[PDB]
Amino acid sequence: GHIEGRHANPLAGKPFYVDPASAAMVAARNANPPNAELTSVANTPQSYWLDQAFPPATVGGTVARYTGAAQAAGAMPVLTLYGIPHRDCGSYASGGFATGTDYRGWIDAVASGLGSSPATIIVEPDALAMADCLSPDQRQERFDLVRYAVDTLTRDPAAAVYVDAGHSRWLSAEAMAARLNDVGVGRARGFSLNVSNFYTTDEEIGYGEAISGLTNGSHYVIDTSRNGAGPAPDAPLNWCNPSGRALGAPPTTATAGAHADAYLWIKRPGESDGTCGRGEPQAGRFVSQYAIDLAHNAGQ
């Protein structure tokens, strides 16, 4: 018979993968007595963050294991790549690979691990948005590395690749669209917004629709992990372990934006944002109280 042409949202059609070994799951299983907040969080699909702790020599196997496990679960894995050189401009989440050559080798290995398997990839939270901390030449290098990630990862046809694009109160839509266009967003599925932040979904839809229009109709995802109460009052460090924040909409493709492929939990609720001027836990360390606070503040 006839073969139809292609129609669609790559994120629609199977559930997002719940990592069975996340820090939240470990905490939920250990809670004595059981805790409603922790269990809820642990059972919500999030994203699996990879960085320079996973060397190029071995990260391919790590990626293949994770994507293969998700496939065995009938689910879409979400992976967050967070290895850019000069990561976080040397602030609380400092890290990343030492050099661009190492980063390129890492990307090559990630792509090898992906093969042809389904995956959603969030490329480098903050890298484009924060790039002005770098000199002109290191900024250009960074853009070239993000472009390298797009060009290399998209060789997995089943990888839905979203380049991180900051949020609605970071760069302007015009400034961020220019960076996304420079790194080849047209070859990706699109971009991500609100990662590790707290802005309302509605505000992020308006911003994402604007960037989409400036990037030839690209699509986007919004991190709704911690945005159920919107942001804390405008202040320095209001993004760094703020109190009073709530879990947002659980991950879904039933979104309210014309080009919004999904609401995802990209940040993992419970992880510290950093020491934050208060001696709080190192960035990325899981704090059960933080996950419980987010769930309590959402009324759970």
# chains A, B, ... in the order shown; residues from 1 in each chain; ligands from 1
>>> residues_around(residues="residue 286 of chain A", least_positions_apart="3", cutoff="7 Å", atoms="only C-alpha atoms", output="list in words")
residues 23, 270, 271 and 272 of chain A
>>> write_last_selection(atoms="C-alpha atoms", output="CSV table (one decimal), in the first residue's frame")
chain,number,residue,atom,x,y,z
A,23,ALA,CA,18.2,10.1,45.2
A,270,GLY,CA,15.2,18.2,46.4
A,271,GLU,CA,18.6,19.0,45.0
A,272,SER,CA,20.3,22.0,46.5
>>> closest_atom_pairs(of="segment 5-71 of chain A", to="segment 85-106 of chain A", cutoff="9 Å", atoms="only C-alpha atoms", output="tab-separated table")
residue	atom	partner	partner_atom	distance
A:51	CA	A:96	CA	6.3
A:52	CA	A:96	CA	5.3
A:53	CA	A:96	CA	8.6
A:54	CA	A:106	CA	8.5
A:55	CA	A:106	CA	6.8
A:56	CA	A:106	CA	4.3
A:57	CA	A:106	CA	8.0
A:59	CA	A:106	CA	7.4
A:60	CA	A:106	CA	8.5
>>> write_last_selection(atoms="N, CA and C atoms", output="CSV table (one decimal), in the first residue's frame")
chain,number,residue,atom,x,y,z
A,51,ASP,N,27.6,14.9,33.6
A,51,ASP,CA,28.6,16.0,33.5
A,51,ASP,C,30.0,15.3,33.5
A,52,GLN,N,31.0,16.1,33.9
A,52,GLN,CA,32.4,15.7,33.8
A,52,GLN,C,32.7,14.5,34.7
A,53,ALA,N,31.8,14.2,35.6
A,53,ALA,CA,32.0,12.9,36.4
A,53,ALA,C,31.9,11.7,35.6
A,54,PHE,N,31.4,11.8,34.3
A,54,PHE,CA,31.2,10.7,33.4
A,54,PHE,C,32.2,10.9,32.3
A,55,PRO,N,33.4,10.3,32.3
A,55,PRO,CA,34.4,10.6,31.3
A,55,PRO,C,34.0,10.2,29.9
A,56,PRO,N,34.5,10.8,28.9
A,56,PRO,CA,34.3,10.3,27.5
A,56,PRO,C,34.5,8.9,27.4
A,57,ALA,N,35.5,8.3,28.1
A,57,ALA,CA,35.8,6.9,27.9
A,57,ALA,C,34.7,6.0,28.3
A,59,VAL,N,31.1,7.3,29.2
A,59,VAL,CA,29.8,7.8,29.3
A,59,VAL,C,28.9,7.1,28.2
A,60,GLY,N,29.4,6.7,27.1
A,60,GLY,CA,28.6,6.0,26.2
A,60,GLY,C,27.9,4.8,26.8
>>> closest_atom_pairs(of="segment 235-281 of chain A", to="segment 186-199 of chain A", cutoff="9 Å", atoms="only C-alpha atoms", output="CSV")
residue,atom,partner,partner_atom,distance
A:239,CA,A:197,CA,6.3
A:240,CA,A:197,CA,8.9
A:245,CA,A:198,CA,7.6
A:246,CA,A:198,CA,8.7
A:248,CA,A:198,CA,8.9
A:265,CA,A:195,CA,8.3
A:266,CA,A:195,CA,6.1
A:267,CA,A:196,CA,5.0
A:268,CA,A:196,CA,8.3
A:273,CA,A:196,CA,8.0
>>> residues_around(residues="residue 19 of chain A", least_positions_apart="2", cutoff="9 Å", atoms="only C-alpha atoms", output="VMD selection string")
chain A and resid 17 21 to 22 25 42 to 48 66 70 77
>>> closest_atom_pairs(of="segment 154-218 of chain A", to="segment 117-129 of chain A", cutoff="10 Å", atoms="only C-alpha atoms", output="Markdown table")
| residue | atom | partner | partner_atom | distance |
| --- | --- | --- | --- | --- |
| A:154 | CA | A:121 | CA | 9.7 |
| A:156 | CA | A:117 | CA | 7.0 |
| A:157 | CA | A:117 | CA | 8.1 |
| A:158 | CA | A:118 | CA | 4.6 |
| A:159 | CA | A:119 | CA | 4.7 |
| A:160 | CA | A:120 | CA | 4.7 |
| A:161 | CA | A:121 | CA | 4.8 |
| A:162 | CA | A:122 | CA | 5.1 |
| A:163 | CA | A:123 | CA | 4.7 |
| A:164 | CA | A:125 | CA | 5.1 |
| A:165 | CA | A:129 | CA | 6.2 |
| A:166 | CA | A:129 | CA | 5.2 |
| A:167 | CA | A:129 | CA | 8.3 |
| A:170 | CA | A:129 | CA | 6.9 |
| A:171 | CA | A:129 | CA | 6.4 |
| A:172 | CA | A:129 | CA | 9.7 |
| A:175 | CA | A:129 | CA | 9.2 |
| A:176 | CA | A:129 | CA | 7.2 |
| A:179 | CA | A:128 | CA | 6.9 |
| A:180 | CA | A:128 | CA | 8.0 |
| A:183 | CA | A:128 | CA | 9.4 |
| A:188 | CA | A:121 | CA | 10.0 |
| A:189 | CA | A:120 | CA | 9.7 |
| A:190 | CA | A:122 | CA | 9.8 |
| A:191 | CA | A:122 | CA | 8.0 |
| A:192 | CA | A:122 | CA | 6.9 |
| A:193 | CA | A:125 | CA | 8.8 |
| A:194 | CA | A:125 | CA | 9.2 |
| A:195 | CA | A:125 | CA | 6.5 |
| A:196 | CA | A:125 | CA | 8.4 |
>>> closest_residue(among="A:295, A:3, A:12, A:262", to="residue 75 of chain A", atoms="only C-alpha atoms")
A:12
>>> select_by_dssp(residues="segment 80-251 of chain A", states="strand (DSSP E or B)", output="list in words")
residues 80, 81, 87, 95, 119, 120, 121, 122, 123, 159, 160, 161, 162, 163, 164, 190, 191, 192, 193, 219, 220, 221, 222 and 223 of chain A
>>> write_last_selection(atoms="N, CA, C and O atoms", output="compact mmCIF listing (two decimals), in the first residue's frame")
# COMPACT_ATOMS: atom_id res chain seq x y z
N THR A 80 19.93 15.24 30.77
CA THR A 80 20.40 16.62 30.79
C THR A 80 21.92 16.61 30.72
O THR A 80 22.55 16.03 31.59
N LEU A 81 22.47 17.22 29.68
CA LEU A 81 23.92 17.32 29.53
C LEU A 81 24.39 18.62 30.15
O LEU A 81 23.93 19.69 29.77
N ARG A 87 31.67 25.79 33.26
CA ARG A 87 30.28 25.61 33.65
C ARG A 87 29.94 26.55 34.82
O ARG A 87 30.71 26.71 35.77
N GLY A 95 32.13 23.44 37.36
CA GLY A 95 32.49 22.12 36.87
C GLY A 95 32.65 22.18 35.36
O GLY A 95 33.11 23.17 34.81
N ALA A 119 15.29 9.21 23.00
CA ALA A 119 15.75 10.00 24.14
C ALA A 119 15.37 11.43 23.96
O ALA A 119 15.25 11.89 22.82
N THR A 120 15.19 12.13 25.06
CA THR A 120 15.01 13.58 25.09
C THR A 120 16.28 14.14 25.72
O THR A 120 16.64 13.69 26.81
N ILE A 121 16.93 15.07 25.06
CA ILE A 121 18.18 15.61 25.53
C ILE A 121 18.06 17.10 25.76
O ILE A 121 17.69 17.84 24.85
N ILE A 122 18.33 17.54 26.99
CA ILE A 122 18.40 18.94 27.36
C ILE A 122 19.87 19.33 27.30
O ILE A 122 20.68 18.85 28.10
N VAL A 123 20.23 20.17 26.33
CA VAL A 123 21.62 20.50 26.10
C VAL A 123 22.01 21.74 26.89
O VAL A 123 21.64 22.86 26.56
N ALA A 159 16.43 10.98 18.90
CA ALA A 159 16.75 11.95 19.95
C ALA A 159 16.01 13.25 19.69
O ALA A 159 16.16 13.86 18.62
N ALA A 160 15.20 13.68 20.64
CA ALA A 160 14.52 14.96 20.65
C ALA A 160 15.41 15.92 21.43
O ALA A 160 15.53 15.77 22.66
N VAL A 161 16.08 16.81 20.73
CA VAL A 161 17.15 17.63 21.30
C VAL A 161 16.66 19.05 21.48
O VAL A 161 16.17 19.68 20.54
N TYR A 162 16.81 19.54 22.71
CA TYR A 162 16.38 20.88 23.11
C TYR A 162 17.60 21.61 23.68
O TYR A 162 18.17 21.18 24.67
N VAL A 163 18.00 22.71 23.04
CA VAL A 163 19.11 23.52 23.50
C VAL A 163 18.63 24.45 24.59
O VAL A 163 17.62 25.15 24.42
N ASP A 164 19.32 24.51 25.72
CA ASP A 164 18.80 25.36 26.78
C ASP A 164 18.89 26.82 26.40
O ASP A 164 19.90 27.30 25.86
N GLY A 190 14.28 22.02 19.29
CA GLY A 190 14.10 23.39 19.74
C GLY A 190 14.90 23.66 20.99
O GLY A 190 16.12 23.45 20.99
N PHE A 191 14.24 24.18 22.02
CA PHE A 191 14.93 24.75 23.16
C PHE A 191 14.19 24.45 24.46
O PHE A 191 13.02 24.05 24.46
N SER A 192 14.88 24.66 25.59
CA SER A 192 14.30 24.50 26.91
C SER A 192 14.32 25.83 27.67
O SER A 192 15.19 26.67 27.47
N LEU A 193 13.33 25.97 28.56
CA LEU A 193 13.14 27.16 29.38
C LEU A 193 12.93 26.81 30.83
O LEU A 193 12.36 25.76 31.16
N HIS A 219 10.27 24.30 18.61
CA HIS A 219 9.45 23.87 19.72
C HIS A 219 10.24 23.93 21.02
O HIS A 219 11.45 24.06 21.01
N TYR A 220 9.53 23.84 22.14
CA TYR A 220 10.23 23.98 23.41
C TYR A 220 9.59 23.17 24.51
O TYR A 220 8.45 22.68 24.42
N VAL A 221 10.36 23.02 25.58
CA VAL A 221 9.89 22.42 26.82
C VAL A 221 10.12 23.43 27.95
O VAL A 221 11.04 24.26 27.89
N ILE A 222 9.27 23.35 28.98
CA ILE A 222 9.37 24.21 30.16
C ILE A 222 9.59 23.32 31.36
O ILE A 222 8.85 22.35 31.57
N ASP A 223 10.58 23.66 32.19
CA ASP A 223 10.80 23.01 33.47
C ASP A 223 9.76 23.53 34.47
O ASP A 223 9.81 24.70 34.88
>>> select_by_dssp(residues="segment 81-255 of chain A", states="alpha helix (DSSP H)", output="ChimeraX atom specification")
/A:100-114,127-130,136-153,173-182,201-214
>>> closest_residue(among="A:134, A:185, A:263, A:107", to="residue 148 of chain A", atoms="only C-alpha atoms")
A:107
>>> atom_distance(atom1="atom CA of residue 213 of chain A", atom2="atom CA of residue 174 of chain A")
10.1 Å
>>> closest_residue(among="A:218, A:112, A:252, A:282", to="residue 76 of chain A", atoms="only C-alpha atoms")
A:252
>>> residues_around(residues="residue 249 of chain A", least_positions_apart="6", cutoff="10 Å", atoms="only C-alpha atoms", output="NGL selection string")
:A and (201 or 223-228 or 255 or 263-265 or 298)
>>> atom_distance(atom1="atom CA of residue 142 of chain A", atom2="atom CA of residue 50 of chain A")
17.8 Å
>>> closest_residue(among="A:84, A:64, A:150, A:69", to="residue 114 of chain A", atoms="only C-alpha atoms")
A:64
>>> residues_around(residues="segment 202-207 of chain A", least_positions_apart="3", cutoff="6 Å", atoms="only C-alpha atoms", output="list in words")
residues 168, 210 and 257 of chain A
>>> atom_distance(atom1="atom CA of residue 40 of chain A", atom2="atom CA of residue 13 of chain A")
22.5 Å
